Amino acid sequence: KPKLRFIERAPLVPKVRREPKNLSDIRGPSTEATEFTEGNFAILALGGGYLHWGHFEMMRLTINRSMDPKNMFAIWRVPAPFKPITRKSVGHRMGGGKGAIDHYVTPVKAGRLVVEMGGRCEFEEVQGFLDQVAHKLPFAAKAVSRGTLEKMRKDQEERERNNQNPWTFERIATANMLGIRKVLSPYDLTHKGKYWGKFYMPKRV
Amino acid sequence: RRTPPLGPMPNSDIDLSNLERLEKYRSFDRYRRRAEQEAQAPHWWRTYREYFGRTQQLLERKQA
Amino acid sequence: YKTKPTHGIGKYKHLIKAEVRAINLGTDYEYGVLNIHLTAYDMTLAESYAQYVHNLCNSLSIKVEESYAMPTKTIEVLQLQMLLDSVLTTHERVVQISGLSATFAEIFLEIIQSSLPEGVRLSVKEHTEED
Amino acid sequence: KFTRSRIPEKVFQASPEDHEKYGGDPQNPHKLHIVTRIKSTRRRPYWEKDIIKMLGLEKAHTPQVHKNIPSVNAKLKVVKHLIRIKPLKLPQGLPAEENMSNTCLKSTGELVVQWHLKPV
Amino acid sequence: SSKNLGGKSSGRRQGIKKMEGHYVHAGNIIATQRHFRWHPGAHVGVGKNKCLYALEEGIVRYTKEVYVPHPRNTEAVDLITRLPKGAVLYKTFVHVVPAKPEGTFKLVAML
RNA sequence: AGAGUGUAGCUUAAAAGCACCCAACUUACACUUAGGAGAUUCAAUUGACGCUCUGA
RNA sequence: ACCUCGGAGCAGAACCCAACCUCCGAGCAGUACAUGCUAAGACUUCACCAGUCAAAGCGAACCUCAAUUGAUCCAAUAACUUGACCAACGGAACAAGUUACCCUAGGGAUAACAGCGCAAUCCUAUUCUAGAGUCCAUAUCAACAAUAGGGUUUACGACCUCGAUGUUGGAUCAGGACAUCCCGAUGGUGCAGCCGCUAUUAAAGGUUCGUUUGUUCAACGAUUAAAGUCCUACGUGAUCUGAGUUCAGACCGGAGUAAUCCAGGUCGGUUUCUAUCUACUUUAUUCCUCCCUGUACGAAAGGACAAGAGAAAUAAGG
RNA sequence: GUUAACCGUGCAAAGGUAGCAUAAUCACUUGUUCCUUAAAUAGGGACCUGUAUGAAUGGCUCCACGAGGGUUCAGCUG
RNA sequence: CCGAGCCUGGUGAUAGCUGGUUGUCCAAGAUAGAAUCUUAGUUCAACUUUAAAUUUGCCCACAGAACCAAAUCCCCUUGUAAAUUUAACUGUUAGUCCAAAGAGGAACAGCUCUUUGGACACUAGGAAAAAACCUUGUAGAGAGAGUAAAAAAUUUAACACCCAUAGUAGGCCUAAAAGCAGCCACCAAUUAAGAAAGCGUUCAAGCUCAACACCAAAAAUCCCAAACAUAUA
Ligand SMILES: [Mg+2]
Ligand SMILES: [Mg+2]
Ligand SMILES: [Mg+2]
Ligand SMILES: [Mg+2]
Ligand SMILES: [Mg+2]
Ligand SMILES: [Mg+2]
Ligand SMILES: [Mg+2]
Ligand SMILES: [Mg+2]
Ligand SMILES: [Mg+2]
Ligand SMILES: [Mg+2]
Ligand SMILES: [Mg+2]
Ligand SMILES: [Mg+2]
Ligand SMILES: [Mg+2]
Ligand SMILES: [Mg+2]
Ligand SMILES: [Mg+2]
Ligand SMILES: [Mg+2]
Ligand SMILES: [Mg+2]
Ligand SMILES: [Mg+2]
Ligand SMILES: [Mg+2]
Ligand SMILES: [Mg+2]
Ligand SMILES: [Mg+2]
Ligand SMILES: [Mg+2]
Ligand SMILES: [Mg+2]
Ligand SMILES: [Mg+2]
Ligand SMILES: [Mg+2]
Ligand SMILES: [Mg+2]
Ligand SMILES: [Mg+2]
Ligand SMILES: [Mg+2]
Ligand SMILES: [Mg+2]
């Protein structure tokens, strides 16, 4: 079965306990599916964000349209939507308790691979529609091969090594050079300069 | 912060993937004995001890 | 404490598990829940045999999940020639066994055969039953 | 939550390069700091202010002497961004009783027990 | 409207009262809790609350010791039975290293 | 014909401690209580009988 | 809807910690009858009050449970003791609707009007090419989504003003934006011609009169080159109106025992100001007619631009 | 159940009768249709789920009268 | 000036509400929470002031504070100078933005609610003007001096030239489906050209391509300092 399977909106067994919107499932780099698992190409998420069912559907559909099912295949690397979201009814005053559940959404972080692709092909064949998908997506995203990813990583490493600027962000943070922790977050020791909220500045170091 | 242990932690060597193949103390007595043994050993974390604390003959015997 | 090096010295719940298929792979094999039905006419004898089997299992590092007994079937027979009744009874006792790797099972079977008591019968088959 | 920053001790270790850059040697380390304040205690946490007060650094640009020893160092670390730390180094011998009056702190941190106002 | 209503209970102010090294006179409460976070050790009693109190004058000390429960308390026993054959539970205790001697012999009179 | 050796099942035990067996509680196991059986292969650190392994 | 008490999360590692934040529960039950009497030393729900624990001793053996509760005074009682869904749960010994007939003291600490914030909703433009468009994603329309911008709506917020910032429409006068309804100049066309649709550029000039309607709107009639979208304190009441709407009178329906009430309906219902200061008080478009012509274009039906001539219309000035 | 005479079934003290009806009568509501206007959320006349009409809480006709509130022919008039 | 007259008195009625509360100078001085017909108020606590008695108080380092991140508590040294108690009081007990951890709401608000830390409600310098961002505090005179924070940078899409014959209108399927409706096969001739990768054909036909040769912007009174790429940090 080489085709993205149906990701149905909500779970089949819903959850009556309303979660609070912890946005730390968006913030920072993905602990989970960074590396590959039997798929040569992928869509790398270069930014945090929640994936609606609509987005999922779009991802499914476009790929299916522009897939060569005998020669290529596709995999989900993201679960089905599971974080619930409460919206109150249209135009209520503030308070009176927390609202009722509306829709379910998967959190994605930066560094995550959203969709994986493999089969008898080059990356040049797969780029076209994966790029489209990325564009469609609700964060910075990039159609990315294995090799390409590796190259990018290498470049990053080089940047980290090379720079003639004596003052890194990390050094300023950990040593607490300017009492600058009065400005910074406590997450800005692990994240460092690179991550701001859902946003991931890939250039800086 | 999250400092690593100074020496080896207890119950680290025995766990393994398969718990259900292992022998287990079906009794109390064995467990007690084990505990006693552990106590007797020194450890690195402070504790109660820190602050408070021929052949012929044999043959003959056998015959007897 | 967490920040201390002693953290989680009291941790015990990972040492306990407080919470069926037949997996025949390629070089590592498992029969799924084998029920050994010990059928006999003497109540005592079957029980004894079952006990022995259990002991053997224990010795051999094999799990014994269930060891129930089945009901005694009153086969009431008319000894035809003058009606002479003979209300016999057959007793079935089971000992379930899970994990078993290639070489062991045959050996076990052999052992069982060697040990078989006088006027008692076996049946080794899968779990899918309705008691 | 803003916090009382704990600084790892890999920060406080001099490399050979560092040594080359600055003056000091690892063996024969300076006994005493001249510790000058170069920043305000305002727009800062109370603990830092307290530390500053303890140090005797209420006036800015008005240098105090201190012992180069662990407890003092720790304190300094708490407010190290607020200050300029430079080693007290004495080219002539350290003050006797006859000199005492005639001294001069100078730039480049040196006590200088002969202080005349005549040129060479 | 808000379906949830009710949990407006204050904090119990529980925890350690006397940390390690603290000098402690007899009868003082060392630490208070629900569920044995800390256990009683040498010269440390227990209330009905599970609150630990000192039974002698001296220095409080905390220590990781081997847990071996009373055989009549059943759950613990069961747990022990369940464990694998090399493992020992371990638990945190509170001792009071007693300071003064129980008493001294002094001269009454020369009869 | 050569090599490794050699405390009863097993042991950085030195006649030990675990394993083990029969009963009685147990559906059975398990626990527990009562009992049971056991060993330095043999001659002054050396040699000669027992295995394991390799040849014919 | 909630109001007292308790456990878990928010509050990840000594305490503490909120919301009409998320979730579970309690207002007992069981066992005792030394659930006797005393008493060093501590904890404490951030006060007090209430709560908790407890060595030793004397006297006897050989508590479970997370919450499971209520002050004082009063009653009842020979005495020991016992009295509240005093649940608004630190409890006033016992009290209710209504007011547009209302009044007073305050409040911009708190609403309606307007501003301001924000932009969920709302509108616009791009990106993306699935899908419509006999075929053809881009003549035209356009799903899923993405990235921006706006501040026309409905809200949300409560920052200015309650020792008053006076409201819906209409009249009067209009300043402005352009996101162009007409008038001009282009590009594309599924543009032969006439009509169109769509995009660029253009804010010099213009953008009708009526029937109904308190109304903006809306429908309908007649036209028109066109009868733009919006902003300006939903422009403009010390310029006007007051038909609606914010009072006192009154009926119909309904609600209420009744007073009375209704983001129901309907008849009636006073709109004050002599200008102190600022500001200010004489700088061409468009339609139609005639020819061109019944030519170009089109197989026919039909049917033009430009160039030219003539008449009007409004606007400005006499 | 058969727009329903009718049937089956419940509750009630009785079960809104005559009449009149988009009314000065919750809302739906610019209800539908004929007259009236070139054009009618107005006015008149009809129809009737008025689910909140209705009988001295007075119901329904009607002669006169009304600075009451609506609609209107003609004439008239800044 | 009648929802119940007017006058005198009780009546200096009462007001948790508003307004007001008068010589000079100096000093210390900012908002954890509790109940409460209570949230426009108040008593206690907390902070604050004074006079006393005092002996430690802040800062802290090893060791230590549970099972199901940032930090904290505790804490000798050390750097310092005060904290605790006793006596006597009032007053604050309707707060704001900024950074950080969160919660509610739209991962809206100059929104609302907790915690940690700033700042403001106290002078000055900067960020255009500016409460809350930064630099900076203990005071007065000087026609002296060194500094602190402290001035925004960017300009963006050309692209190929040539040459295309054949087994073959592969079979299968299709009324017909010819490199291109759908499958199986994808072999093969000449230097070299896919059993064809875009269009295009009702099916054909023609066009290419693969191959040889050749070498970012839009809103409403009127843009908004003026201006400037070149003499040495
Ligand atoms: Mg709680
Ligand atoms: Mg609370
Ligand atoms: Mg207290
Ligand atoms: Mg006692
Ligand atoms: Mg009350
Ligand atoms: Mg109360
Ligand atoms: Mg009235
Ligand atoms: Mg008034
Ligand atoms: Mg206000
Ligand atoms: Mg408003
Ligand atoms: Mg299509
Ligand atoms: Mg007002
Ligand atoms: Mg005024
Ligand atoms: Mg334009
Ligand atoms: Mg207006
Ligand atoms: Mg006006
Ligand atoms: Mg009148
Ligand atoms: Mg007027
Ligand atoms: Mg009506
Ligand atoms: Mg009229
Ligand atoms: Mg009259
Ligand atoms: Mg008064
Ligand atoms: Mg009040
Ligand atoms: Mg002062
Ligand atoms: Mg009360
Ligand atoms: Mg606010
Ligand atoms: Mg507020
Ligand atoms: Mg000064
Ligand atoms: Mg061709």
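About the criteria used
- Residues numbered from 1 in each chain as written, not as in the entry; some residues may be left out.
- Chains lettered and ligands numbered in written order.
- Part of a larger assembly, values for the part shown.
- Heavy atoms only, no water.
- Residues with missing side-chain atoms left out of burial classes, pairs and counts.
- Helix = DSSP H or I, 4+ residues; strand = E, 2+ residues; numbered from the N terminus.
- Rg over C-alpha atoms; globule rule 2.2 N^0.38 Å.
- Buried < 20%, exposed > 50% of the residue type's maximum accessible area, 1.4 Å probe, protein only.
- Near = heavy atom within 4 Å.
- Polar contact = N/O pair within 3.5 Å; in protein donor to acceptor, adjacent residues only side chain to side chain.
- Nonpolar A, V, L, I, M, F, W, Y, C, P; charged D, E, K, R; others polar.
- Pairing = 2+ DSSP bridges.
- Axes fitted to C-alpha atoms, helices over the stretch in contact; angles between N-to-C directions.
- Contact = heavy atoms within 4.5 Å.
- Buried area = accessible area lost by both parts, 1.4 Å probe.
- Salt bridge = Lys/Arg side-chain N within 4 Å of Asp/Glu carboxyl O.
- Core = buried A, V, L, I, M, F, W, Y, C linked by side-chain atoms within 4.5 Å.
- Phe/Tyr/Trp six-rings, centres within 6.5 Å; stacked < 30°, edge-to-face > 60°.
- Expected span 1.5 Å × (residues − 1).
- Arc of directions from axis to C-beta.
- Patch = residues over 30% accessible without salt bridge, like charges linked within 9 Å, V, L, I, M, F, W, Y side chains within 5 Å.
- Areas by Shrake-Rupley, 256 points an atom, 1.4 Å probe, with all protein chains shown as cover.
- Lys, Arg positive; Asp, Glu negative; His and termini not counted.
- Charge placed at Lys NZ, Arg CZ, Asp CG, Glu CD.

In its metadata, the entry names cryo-EM as the structure determination method and reports 3.5 Å as the resolution.

J.: Even after reading the chapter, I still don't get the overall build of chain B, so can you show me in this structure?
T.: Looking only at helices and strands, chain B has three helices and zero strands in total. In chain B, the succession of helices and strands from N to C terminus is α-α-α. Relative to the globule expectation of 11 Å for 64 residues, the C-alpha radius of gyration of chain B, 20 Å, shows a markedly less compact shape. On the principal axes, the C-alpha backbone points of chain B span a range of 65 × 40 × 20 Å.

J.: Just to check I follow, could you spell out the environment of A:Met201 for this structure?
T.: Topologically, A:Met201 is positioned in the segment after β9 (199-200). On the accessibility criterion, A:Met201 (36% relative accessible area) is partly exposed.

J.: What exactly am I supposed to notice about the protein's contact with RNA strand I here?
T.: Residues in close proximity to RNA strand I total 68 residues, the closest being B:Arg1, D:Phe2, D:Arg6, D:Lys39 and D:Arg43. What you see for RNA strand I is that sugar and phosphate hold 69% of its atoms within 4 Å of the protein. In the environment of RNA strand I, a sugar or linking oxygen lies 3.3 Å from a nitrogen or oxygen atom belonging to the side chain of A:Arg181. Measuring from a sugar or linking oxygen of RNA strand I, one finds a backbone N or O atom of D:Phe2 at 2.6 Å. For the surface near RNA strand I, the secondary structure elements donating two or more residues are α2 (46-55), β2 (64-67) and α3 (70-78) of chain D together with β7 (58-65) of chain E. No other element matches α2(D), which puts five residues into the surface near RNA strand I. A breakdown of the residues in the surface near RNA strand I according to their chemical character gives 26 nonpolar, 14 polar and 28 charged.

J.: Looking at this structure, I do not really get the sheet that holds β2(D). What am I missing?
T.: Strands in a sheet are paired, the pairing made by backbone hydrogen bonds, and the direction either parallel or antiparallel. Residue and element names in this part refer to chain D. In spatial order, the strands read β2-β1-β3; together these three strands make up an open sheet with antiparallel pairing. The sheet is open, and its two edges are formed by β2 and β3 (83-88), each paired on a single side. The sheet shows a mean angle of 35° between the axes of neighbouring strands, taken without regard to direction. As judged from the four bridges shared by strand β1 (residues 32-37) and β2, these two strands associate in the antiparallel manner. Following the sheet pairing, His33 is matched in β2 by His66. Contacting β1, β2 and β3, α3 crosses the sheet at an angle of about 130° to β2.

J.: I would appreciate a short explanation of the interface of chain B and chain E in the present structure.
T.: When the parts of a complex come together, some accessible area is lost, and that lost area is often used as the size of the interface. Contacts between the two partners involve 24 residues from chain B and, on the opposite side, 27 residues from chain E. Summing both partners gives a buried area of about 2,200 Å² for chain B against chain E, and 69% of it is carried by carbon and sulfur. There are zero salt bridges connecting chain B and chain E. Counting across the interface, chain B meets chain E through twelve residue pairs in polar contact.

J.: I keep staring at the nonpolar core and nothing clicks. Help me out?
T.: In this structure, A:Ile63, A:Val114 and A:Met117 are the most contacted members of the largest nonpolar core, which totals 29 residues. Excluding anything up to four places from it in sequence, A:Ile63 contacts A:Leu4, A:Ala74, A:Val115, A:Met117, A:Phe129, A:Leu130 and A:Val133. Core analysis: the second largest hydrophobic core is formed by 20 residues, B:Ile14, C:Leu15, E:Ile80 and E:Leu89 among them.

J.: Please clarify how the sheet that holds strand β6 (residues 52-54) of chain E should be interpreted in this entry.
T.: Residues and elements named next belong to chain E. Taking strand neighbours across the sheet as the criterion, the four strands line up as β1-β3-β6-β5 in an open arrangement whose pairing is antiparallel. Each having just a single partner strand, β1 (15-16) and β5 (44-46) make up the two edges of the open sheet. Pairing of strand β3 (residues 29-32) with β6 involves two bridges; the strand directions are antiparallel. Each residue of the ladder has a partner; that of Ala31, found in β6, is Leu52.

J.: Teacher, can you tell me more about the arrangement of the chains here?
T.: With six pairs of chains in contact overall, the greatest share of contacts is found between chains B and E. The least C-alpha distance between chain A and chain C, which are not in contact, is 17 Å.

J.: Would you explain the pattern of salt bridges in this entry?
T.: In a structure, side chains of opposite charge can pair up when their charged atoms sit close to one another. Throughout the structure, instances matching the rule amount to 17 salt bridges over all chains. One salt bridge in this structure joins A:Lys192 and A:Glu170, with 3.9 Å as the shortest N-O distance. A residue pair is termed long-range when its members are at least 10 positions apart, and A:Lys192 in the loop between α4 (169-174) and β8 (195-196) and A:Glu170 in helix α4 qualify at 22 residues. Ionic pairing is found between B:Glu20 and C:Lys63, a salt bridge with its closest N-O pair at 3.3 Å. One end of the pair, B:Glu20, is in the segment before α1 (29-40); the other, C:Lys63, is in the loop between α1 (43-59) and β3 (73-79), on a second chain. Judged by its relative accessible area of 28%, C:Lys63 is partly exposed.

J.: Looking at this structure, I do not really get the packing of aromatic side chains. What am I missing?
T.: Two aromatic rings, taken as a pair, are described by how far apart their centres are and by the angle between their planes. Under the criterion given, the structure shown has ten aromatic pairs over all chains. Geometrically, the ring pair formed by B:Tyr25 and B:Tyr31 is edge-to-face, given 5.4 Å between the ring centres and 85° between the ring planes. Taking relative accessible area as the criterion, B:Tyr25 reaches 1% and is therefore assigned buried. Taken together, a centroid distance of 5.0 Å and an interplanar angle of 80° make the contact between B:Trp45 and E:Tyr90 edge-to-face.

J.: Where do I start with α1(B) in this structure?
T.: Side chains three or four residues apart in an α-helix point the same way, a direct result of the helix having 3.6 residues per turn. In a regular helix each residue adds 1.5 Å, so twelve residues correspond to 16 Å; α1(B) covers 17 Å between its end C-alpha atoms and thus fits that length. Looking only at α1(B), the buried set comprises B:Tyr31, B:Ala35 and B:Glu38. An end-on view of α1(B) places all buried positions within 60° of arc, on one side of the element. Turned more than 90 degrees off the buried face of α1(B), the exposed positions are B:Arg33 and B:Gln40. Packed against the buried residues of α1(B) are α1 (74-82) of chain E.

J.: Explain a negative patch on the surface here, please?
T.: A cluster of like negative charges, contributed by A:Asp68, A:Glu122, A:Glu124 and A:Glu125, occupies part of the molecular surface. Mapped onto the elements of the fold, A:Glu122 is located in the loop between β6 (113-119) and α2 (123-136).

J.: Which parts of the structure should I look at to understand the side chain of B:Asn11?
T.: Along the chain, B:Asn11 turns up in the segment before α1. Its relative accessible area of 9% is what places B:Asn11 among the buried residues. Polar contacts involving the side chain of B:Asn11 include one to the main-chain carbonyl oxygen of E:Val88, which spans 2.7 Å. Once you skip the residues sitting within four places of it in the chain, B:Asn11 turns out to touch C:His14, C:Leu15, E:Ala87, E:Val88 and E:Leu89.

J.: Explanation requested: the environment of A:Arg18 in the structure shown.
T.: All names here are of chain A. Within the secondary structure, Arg18 is located in the segment before β1 (41-45). Separated by 75 residues in the primary sequence, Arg18 and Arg93 have C-alpha atoms spaced 20 Å apart. Setting aside chain neighbours within four positions, we find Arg18 in contact with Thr86, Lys98, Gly99 and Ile101. Polar side-chain contacts of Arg18 include one of 2.8 Å to the backbone oxygen of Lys98.

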